[PDB]
file upload.cif (mmCIF, C-alpha atoms and all ligand atoms)
data_structure
#
loop_
_atom_site.group_PDB
_atom_site.id
_atom_site.type_symbol
_atom_site.label_atom_id
_atom_site.label_comp_id
_atom_site.auth_asym_id
_atom_site.auth_seq_id
_atom_site.Cartn_x
_atom_site.Cartn_y
_atom_site.Cartn_z
ATOM 1 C CA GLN L 14 7.074 -11.382 -19.111
ATOM 2 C CA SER L 15 8.814 -9.363 -16.425
ATOM 3 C CA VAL L 16 5.210 -8.308 -15.842
ATOM 4 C CA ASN L 17 4.340 -11.978 -15.396
ATOM 5 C CA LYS L 18 7.058 -12.366 -12.775
ATOM 6 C CA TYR L 19 5.806 -9.278 -10.949
ATOM 7 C CA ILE L 20 2.291 -10.727 -11.012
ATOM 8 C CA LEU L 21 3.523 -14.072 -9.651
ATOM 9 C CA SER L 22 5.104 -12.249 -6.710
ATOM 10 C CA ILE L 23 1.956 -10.239 -5.941
ATOM 11 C CA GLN L 24 0.017 -13.478 -6.133
ATOM 12 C CA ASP L 25 2.404 -15.219 -3.706
ATOM 13 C CA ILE L 26 1.864 -12.413 -1.216
ATOM 14 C CA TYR L 27 -1.846 -11.754 -1.626
ATOM 15 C CA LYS L 28 -3.579 -14.899 -2.919
ATOM 16 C CA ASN L 29 -4.855 -16.011 0.484
ATOM 17 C CA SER L 30 -5.100 -12.499 1.939
ATOM 18 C CA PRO L 31 -8.043 -10.617 3.507
ATOM 19 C CA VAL L 32 -6.638 -7.477 1.830
ATOM 20 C CA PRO L 33 -8.383 -6.724 -1.480
ATOM 21 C CA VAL L 34 -5.723 -6.290 -4.151
ATOM 22 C CA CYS L 35 -5.619 -6.112 -7.934
ATOM 23 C CA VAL L 36 -3.229 -5.146 -10.723
ATOM 24 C CA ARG L 37 -4.480 -3.488 -13.913
ATOM 25 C CA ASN L 38 -2.878 -2.901 -17.310
ATOM 26 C CA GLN L 39 -2.886 0.313 -19.371
ATOM 27 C CA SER L 40 -6.216 -0.592 -20.965
ATOM 28 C CA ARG L 41 -7.954 -0.617 -17.564
ATOM 29 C CA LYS L 42 -7.985 -4.425 -17.617
ATOM 30 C CA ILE L 43 -7.483 -6.518 -14.485
ATOM 31 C CA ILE L 44 -4.488 -8.794 -14.969
ATOM 32 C CA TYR L 45 -4.461 -9.950 -11.373
ATOM 33 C CA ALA L 46 -6.925 -9.851 -8.468
ATOM 34 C CA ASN L 47 -7.232 -11.871 -5.285
ATOM 35 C CA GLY L 48 -10.336 -13.464 -3.776
ATOM 36 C CA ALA L 49 -10.814 -10.561 -1.363
ATOM 37 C CA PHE L 50 -10.908 -8.090 -4.253
ATOM 38 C CA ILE L 51 -13.314 -10.229 -6.269
ATOM 39 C CA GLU L 52 -15.645 -10.525 -3.289
ATOM 40 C CA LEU L 53 -15.503 -6.803 -2.488
ATOM 41 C CA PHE L 54 -16.654 -5.769 -5.953
ATOM 42 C CA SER L 55 -19.083 -8.661 -6.419
ATOM 43 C CA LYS L 56 -21.695 -6.817 -4.361
ATOM 44 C CA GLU L 57 -24.690 -6.385 -6.636
ATOM 45 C CA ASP L 58 -25.754 -2.788 -7.181
ATOM 46 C CA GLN L 59 -28.523 -1.771 -4.786
ATOM 47 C CA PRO L 60 -29.281 1.419 -6.692
ATOM 48 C CA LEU L 61 -32.057 2.565 -4.319
ATOM 49 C CA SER L 62 -30.014 2.339 -1.080
ATOM 50 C CA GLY L 63 -27.887 5.418 -1.737
ATOM 51 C CA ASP L 64 -25.430 7.063 -4.069
ATOM 52 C CA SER L 65 -22.563 4.780 -2.996
ATOM 53 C CA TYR L 66 -24.500 1.552 -3.622
ATOM 54 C CA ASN L 67 -23.593 1.363 -7.287
ATOM 55 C CA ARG L 68 -20.235 0.891 -8.964
ATOM 56 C CA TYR L 69 -20.378 3.656 -11.583
ATOM 57 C CA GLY L 70 -19.358 6.755 -9.624
ATOM 58 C CA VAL L 71 -16.567 4.917 -7.857
ATOM 59 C CA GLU L 72 -15.465 3.346 -11.147
ATOM 60 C CA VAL L 73 -14.962 6.765 -12.690
ATOM 61 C CA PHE L 74 -13.208 8.094 -9.623
ATOM 62 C CA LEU L 75 -10.923 5.051 -9.409
ATOM 63 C CA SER L 76 -10.245 5.002 -13.141
ATOM 64 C CA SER L 77 -9.420 8.708 -12.927
ATOM 65 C CA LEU L 78 -7.040 8.093 -10.002
ATOM 66 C CA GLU L 79 -5.464 5.263 -11.974
ATOM 67 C CA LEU L 80 -4.853 7.506 -14.982
ATOM 68 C CA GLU L 81 -3.209 10.031 -12.664
ATOM 69 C CA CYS L 82 -1.065 7.237 -11.225
ATOM 70 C CA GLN L 83 -0.026 6.160 -14.723
ATOM 71 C CA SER L 84 0.842 9.759 -15.575
ATOM 72 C CA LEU L 85 3.026 10.289 -12.477
ATOM 73 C CA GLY L 86 5.567 7.729 -13.723
ATOM 74 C CA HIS L 87 7.426 4.680 -12.425
ATOM 75 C CA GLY L 88 7.272 4.392 -8.652
ATOM 76 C CA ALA L 89 4.535 6.999 -8.212
ATOM 77 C CA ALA L 90 2.030 6.122 -5.514
ATOM 78 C CA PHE L 91 -0.690 7.698 -3.410
ATOM 79 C CA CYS L 92 -3.511 6.880 -1.015
ATOM 80 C CA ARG L 93 -7.060 8.217 -1.372
ATOM 81 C CA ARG L 94 -10.497 7.464 0.081
ATOM 82 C CA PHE L 95 -13.826 6.477 -1.486
ATOM 83 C CA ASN L 96 -17.288 5.335 -0.433
ATOM 84 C CA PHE L 97 -18.851 2.049 -1.521
ATOM 85 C CA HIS L 98 -22.109 0.539 -0.223
ATOM 86 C CA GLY L 99 -22.206 2.875 2.741
ATOM 87 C CA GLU L 100 -18.666 2.190 3.962
ATOM 88 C CA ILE L 101 -15.534 4.305 3.639
ATOM 89 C CA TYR L 102 -12.457 2.720 2.078
ATOM 90 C CA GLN L 103 -8.928 3.811 1.373
ATOM 91 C CA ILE L 104 -7.095 2.811 -1.760
ATOM 92 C CA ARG L 105 -3.374 2.891 -2.434
ATOM 93 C CA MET L 106 -2.279 2.900 -6.063
ATOM 94 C CA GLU L 107 1.243 2.371 -7.339
ATOM 95 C CA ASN L 108 2.760 2.749 -10.808
ATOM 96 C CA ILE L 109 5.070 -0.071 -11.887
ATOM 97 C CA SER L 110 6.671 0.573 -15.255
ATOM 98 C CA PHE L 111 8.855 -1.830 -17.189
ATOM 99 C CA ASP L 112 11.770 -1.363 -19.580
ATOM 100 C CA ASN L 113 9.424 -1.294 -22.589
ATOM 101 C CA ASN L 114 7.368 1.491 -20.987
ATOM 102 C CA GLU L 115 4.630 -1.020 -20.253
ATOM 103 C CA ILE L 116 2.674 0.342 -17.278
ATOM 104 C CA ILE L 117 0.776 -1.621 -14.620
ATOM 105 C CA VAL L 118 -0.938 -0.236 -11.528
ATOM 106 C CA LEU L 119 -1.240 -2.035 -8.202
ATOM 107 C CA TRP L 120 -4.416 -1.367 -6.191
ATOM 108 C CA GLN L 121 -4.598 -2.134 -2.461
ATOM 109 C CA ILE L 122 -7.830 -1.421 -0.614
ATOM 110 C CA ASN L 123 -8.726 -1.216 3.068
ATOM 111 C CA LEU L 124 -11.699 -0.233 5.186
ATOM 112 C CA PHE L 125 -11.221 3.283 6.603
ATOM 113 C CA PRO L 126 -9.818 3.172 10.149
ATOM 114 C CA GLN H 14 10.287 -19.401 7.911
ATOM 115 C CA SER H 15 6.980 -18.643 6.236
ATOM 116 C CA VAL H 16 8.018 -15.148 7.309
ATOM 117 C CA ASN H 17 11.234 -15.637 5.349
ATOM 118 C CA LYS H 18 9.268 -16.583 2.243
ATOM 119 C CA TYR H 19 7.054 -13.523 2.654
ATOM 120 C CA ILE H 20 10.171 -11.370 2.972
ATOM 121 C CA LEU H 21 11.696 -12.913 -0.166
ATOM 122 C CA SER H 22 8.559 -11.977 -2.104
ATOM 123 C CA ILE H 23 8.545 -8.381 -0.833
ATOM 124 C CA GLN H 24 12.207 -8.197 -1.753
ATOM 125 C CA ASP H 25 11.534 -9.495 -5.286
ATOM 126 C CA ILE H 26 8.951 -6.763 -5.760
ATOM 127 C CA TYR H 27 10.637 -3.834 -4.045
ATOM 128 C CA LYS H 28 14.422 -4.327 -4.075
ATOM 129 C CA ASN H 29 15.040 -2.048 -7.054
ATOM 130 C CA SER H 30 12.034 0.202 -6.412
ATOM 131 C CA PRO H 31 11.780 3.992 -5.917
ATOM 132 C CA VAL H 32 9.023 3.247 -3.369
ATOM 133 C CA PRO H 33 10.353 3.229 0.208
ATOM 134 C CA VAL H 34 9.279 -0.016 1.857
ATOM 135 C CA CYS H 35 10.153 -1.926 5.009
ATOM 136 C CA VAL H 36 8.849 -4.818 7.098
ATOM 137 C CA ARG H 37 9.164 -4.818 10.892
ATOM 138 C CA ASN H 38 8.770 -7.545 13.509
ATOM 139 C CA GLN H 39 6.857 -7.355 16.809
ATOM 140 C CA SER H 40 9.882 -5.908 18.600
ATOM 141 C CA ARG H 41 9.915 -2.859 16.299
ATOM 142 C CA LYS H 42 12.908 -4.304 14.441
ATOM 143 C CA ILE H 43 13.368 -3.917 10.689
ATOM 144 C CA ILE H 44 13.593 -7.352 9.095
ATOM 145 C CA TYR H 45 13.460 -6.006 5.568
ATOM 146 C CA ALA H 46 13.945 -2.596 3.939
ATOM 147 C CA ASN H 47 14.787 -1.525 0.412
ATOM 148 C CA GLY H 48 17.341 1.042 -0.743
ATOM 149 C CA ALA H 49 14.670 3.724 -1.125
ATOM 150 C CA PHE H 50 13.618 3.283 2.504
ATOM 151 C CA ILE H 51 17.203 3.333 3.760
ATOM 152 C CA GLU H 52 17.898 6.528 1.835
ATOM 153 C CA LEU H 53 14.698 8.230 3.008
ATOM 154 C CA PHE H 54 15.521 7.778 6.684
ATOM 155 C CA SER H 55 19.265 8.338 6.301
ATOM 156 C CA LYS H 56 18.715 12.101 6.283
ATOM 157 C CA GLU H 57 20.704 13.452 9.207
ATOM 158 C CA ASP H 58 18.659 15.369 11.758
ATOM 159 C CA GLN H 59 18.745 19.109 11.094
ATOM 160 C CA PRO H 60 17.229 19.951 14.467
ATOM 161 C CA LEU H 61 17.225 23.734 13.888
ATOM 162 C CA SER H 62 15.337 23.685 10.548
ATOM 163 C CA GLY H 63 11.935 22.868 12.028
ATOM 164 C CA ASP H 64 9.936 20.411 14.065
ATOM 165 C CA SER H 65 9.798 17.855 11.231
ATOM 166 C CA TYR H 66 13.572 17.824 10.671
ATOM 167 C CA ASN H 67 14.248 15.208 13.316
ATOM 168 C CA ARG H 68 13.204 11.577 13.500
ATOM 169 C CA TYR H 69 11.875 11.421 17.068
ATOM 170 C CA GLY H 70 8.338 12.786 16.733
ATOM 171 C CA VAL H 71 7.700 10.805 13.577
ATOM 172 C CA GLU H 72 9.234 7.702 15.167
ATOM 173 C CA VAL H 73 6.729 7.832 18.001
ATOM 174 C CA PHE H 74 3.844 8.511 15.664
ATOM 175 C CA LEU H 75 4.866 5.688 13.316
ATOM 176 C CA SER H 76 5.580 3.270 16.151
ATOM 177 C CA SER H 77 2.174 4.140 17.601
ATOM 178 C CA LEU H 78 0.488 3.524 14.228
ATOM 179 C CA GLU H 79 2.363 0.236 13.975
ATOM 180 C CA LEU H 80 1.126 -0.899 17.386
ATOM 181 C CA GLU H 81 -2.416 -0.057 16.293
ATOM 182 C CA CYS H 82 -1.854 -2.061 13.108
ATOM 183 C CA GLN H 83 -0.611 -5.032 15.133
ATOM 184 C CA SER H 84 -3.655 -4.771 17.390
ATOM 185 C CA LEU H 85 -6.170 -4.714 14.505
ATOM 186 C CA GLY H 86 -5.253 -8.285 13.521
ATOM 187 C CA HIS H 87 -4.293 -10.235 10.404
ATOM 188 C CA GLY H 88 -5.051 -8.332 7.219
ATOM 189 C CA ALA H 89 -5.666 -4.995 8.941
ATOM 190 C CA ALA H 90 -4.340 -2.025 7.004
ATOM 191 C CA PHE H 91 -4.634 1.743 6.844
ATOM 192 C CA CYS H 92 -3.092 4.829 5.275
ATOM 193 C CA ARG H 93 -2.038 7.916 7.242
ATOM 194 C CA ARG H 94 0.065 11.032 6.648
ATOM 195 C CA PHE H 95 3.145 12.460 8.376
ATOM 196 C CA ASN H 96 5.679 15.248 7.921
ATOM 197 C CA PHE H 97 9.420 14.673 7.605
ATOM 198 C CA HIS H 98 12.056 17.286 6.708
ATOM 199 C CA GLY H 99 9.456 19.733 5.484
ATOM 200 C CA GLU H 100 7.655 17.333 3.141
ATOM 201 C CA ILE H 101 4.344 15.537 3.580
ATOM 202 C CA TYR H 102 4.291 11.760 3.190
ATOM 203 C CA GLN H 103 1.661 9.076 3.316
ATOM 204 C CA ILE H 104 2.295 5.700 4.856
ATOM 205 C CA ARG H 105 0.335 2.499 4.395
ATOM 206 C CA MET H 106 0.740 -0.170 7.056
ATOM 207 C CA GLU H 107 -0.465 -3.750 6.838
ATOM 208 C CA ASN H 108 -0.629 -6.527 9.433
ATOM 209 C CA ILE H 109 0.572 -9.933 8.247
ATOM 210 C CA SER H 110 0.125 -12.623 10.871
ATOM 211 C CA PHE H 111 1.315 -16.202 10.628
ATOM 212 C CA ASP H 112 -0.008 -19.492 11.992
ATOM 213 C CA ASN H 113 2.107 -19.151 15.150
ATOM 214 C CA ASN H 114 0.642 -15.694 15.820
ATOM 215 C CA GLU H 115 3.924 -14.147 14.734
ATOM 216 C CA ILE H 116 3.121 -10.617 13.539
ATOM 217 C CA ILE H 117 4.961 -8.553 10.919
ATOM 218 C CA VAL H 118 3.971 -5.144 9.571
ATOM 219 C CA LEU H 119 4.599 -3.922 6.035
ATOM 220 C CA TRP H 120 5.294 -0.189 5.624
ATOM 221 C CA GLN H 121 4.937 1.532 2.242
ATOM 222 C CA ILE H 122 5.675 5.243 2.004
ATOM 223 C CA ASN H 123 4.976 7.864 -0.649
ATOM 224 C CA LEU H 124 5.282 11.611 -1.046
ATOM 225 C CA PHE H 125 1.878 13.283 -0.576
ATOM 226 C CA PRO H 126 0.174 13.929 -3.927
HETATM 227 CL CL CL L 201 -8.998 11.075 -0.567
HETATM 228 CL CL CL L 202 -3.401 10.910 8.565
HETATM 229 NA NA NA L 203 5.022 10.585 -15.771
HETATM 230 NA NA NA L 204 -6.589 -7.807 16.781
#

call {"tool": "encode", "arguments": {"input": "upload.cif", "output": "C-alpha cells"}}
result
Amino acid sequence: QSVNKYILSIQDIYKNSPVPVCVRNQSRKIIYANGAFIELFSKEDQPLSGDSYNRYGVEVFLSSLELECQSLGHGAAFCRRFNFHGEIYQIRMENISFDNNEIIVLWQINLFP
Amino acid sequence: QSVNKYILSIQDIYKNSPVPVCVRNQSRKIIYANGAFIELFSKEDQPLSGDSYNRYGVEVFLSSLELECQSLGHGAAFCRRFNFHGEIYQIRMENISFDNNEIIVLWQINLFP
C-alpha cells in the first residue's frame, strides 16, 4: 500500500541502474529487486573454487544483518562488507517501517573500493 | 530535467525520513537535502571540544570522497566512515550520471553501528 508506493519510487530510481538493489519484507522475501541485483546473485555456485563461491555463508551473514537492521527500528541503517565469488562487496541496509509496524529493508550493494 | 525527476523520487523516499540524505551537483552544490541532513550539519562548530567538532576537516574529506565518486563513473558507489562532533558516522556515496554527462552524487549517512 504505502509499501507499494515506496517500492514504486525505488523502482523509478534503480530499475535501469548498475547498482544492485533489493527490498525485502519481514519474512525474508524479496518484494523488489533490480536487474543488477538479479544478475549479481544469479552466479551459479562454484563450490570447489573457494569458501566465498557459494551463497550459503553469505546468505546467513546477510540474513543476520537484516534481522539486526529490523531490530534497530525505523530509519536504522548501516554499511558492512562481505565476500562473494572472490570479490569484496559492501552492503548498506536500511529499515523502513510503516504506520502498521510493517517492516521492509532496503539493500544496496557495491564492489569494495 | 531527468535530474529533476530523479530528485523528485529521492524526495518522495526521504523527505520525512530519519536518514540524513542529500544530492549534490558537479559544483559541490546541494540540489536536494532532507530535514535529517539539514539538522545533522546545522550543529554549530564547537571548535574547542575536539578536532571533530568543526566542519572543515570533514568537509574536505567528504568533498574528496565525492570527487572520487564522480571520477569512478555512472553507478559507482562506496561506503566510508568519518567522525563529526565526537560520533562516528558512515556515508554511502553513489554516482548518478545522465545522458548529457551531467553528474550528481547521492549521499546517505548513518551513525556507526
Ligand atoms: Cl563489515
Ligand atoms: Cl572508511
Ligand atoms: Na527497534
Ligand atoms: Na569514470

call {"tool": "closest_residue", "arguments": {"input": "upload.cif", "among": "L:39, L:114, L:14, L:103", "to": "chain H", "atoms": "only C-alpha atoms"}}
result
L:103

call {"tool": "interface_residues", "arguments": {"input": "upload.cif", "of": "chain L", "to": "chain H", "cutoff": "7 Å", "atoms": "only C-alpha atoms", "output": "tab-separated table (two decimals) with C-alpha atoms, keeping the file's coordinate frame"}}
result
chain	number	residue	atom	x	y	z
L	19	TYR	CA	5.81	-9.28	-10.95
L	22	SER	CA	5.10	-12.25	-6.71
L	26	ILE	CA	1.86	-12.41	-1.22
L	30	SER	CA	-5.10	-12.50	1.94
L	31	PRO	CA	-8.04	-10.62	3.51
L	32	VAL	CA	-6.64	-7.48	1.83
L	88	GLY	CA	7.27	4.39	-8.65
L	90	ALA	CA	2.03	6.12	-5.51
L	91	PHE	CA	-0.69	7.70	-3.41
L	92	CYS	CA	-3.51	6.88	-1.01
L	123	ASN	CA	-8.73	-1.22	3.07
L	125	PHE	CA	-11.22	3.28	6.60
L	126	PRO	CA	-9.82	3.17	10.15

call {"tool": "residues_near_ligand", "arguments": {"input": "upload.cif", "ligand": "ligand NA 204 (chain L)", "cutoff": "7 Å", "atoms": "only C-alpha atoms and all ligand atoms", "output": "PyMOL selection string"}}
result
chain H and resi 83-86

call {"tool": "atom_distance", "arguments": {"input": "upload.cif", "atom1": "atom CA of residue L:66", "atom2": "atom CA of residue L:37"}}
result
23.1 Å

call {"tool": "resolve_selection", "arguments": {"input": "upload.cif", "expression": "the PyMOL selection byres (((chain H and resi 97) around 10) and not hetatm)", "output": "JSON, numbers by chain"}}
result
{"H": [53, 54, 56, 63, 64, 65, 66, 67, 68, 70, 71, 95, 96, 98, 99, 100, 101, 102]}

call {"tool": "residues_around", "arguments": {"input": "upload.cif", "residues": "residue L:43", "least_positions_apart": "5", "cutoff": "12 Å", "atoms": "only C-alpha atoms", "output": "PyMOL selection string"}}
result
chain L and resi 20+34-38+50-51+76+117-120

call {"tool": "atom_distance", "arguments": {"input": "upload.cif", "atom1": "atom CA of residue L:111", "atom2": "atom CA of residue H:29"}}
result
11.9 Å

call {"tool": "atom_distance", "arguments": {"input": "upload.cif", "atom1": "atom CA of residue H:81", "atom2": "atom CA of residue H:46"}}
result
20.7 Å

call {"tool": "axis_aligned_box", "arguments": {"input": "upload.cif", "around": "stretch 65-69 of chain L", "padding_each_side": "8 Å", "output": "JSON"}}
result
{"center_x": -22.4, "center_y": 2.8, "center_z": -7.3, "size_x": 20.3, "size_y": 19.9, "size_z": 24.6}

call {"tool": "closest_residue", "arguments": {"input": "upload.cif", "among": "L:75, L:27, L:59, L:110", "to": "ligand CL 201 (chain L)", "atoms": "all atoms listed in the file"}}
result
L:75

call {"tool": "closest_residue", "arguments": {"input": "upload.cif", "among": "H:78, H:116, H:44, H:49", "to": "ligand CL 202 (chain L)", "atoms": "all atoms listed in the file"}}
result
H:78

call {"tool": "closest_residue", "arguments": {"input": "upload.cif", "among": "L:106, L:28, L:60, L:72", "to": "residue L:48", "atoms": "all atoms listed in the file"}}
result
L:28
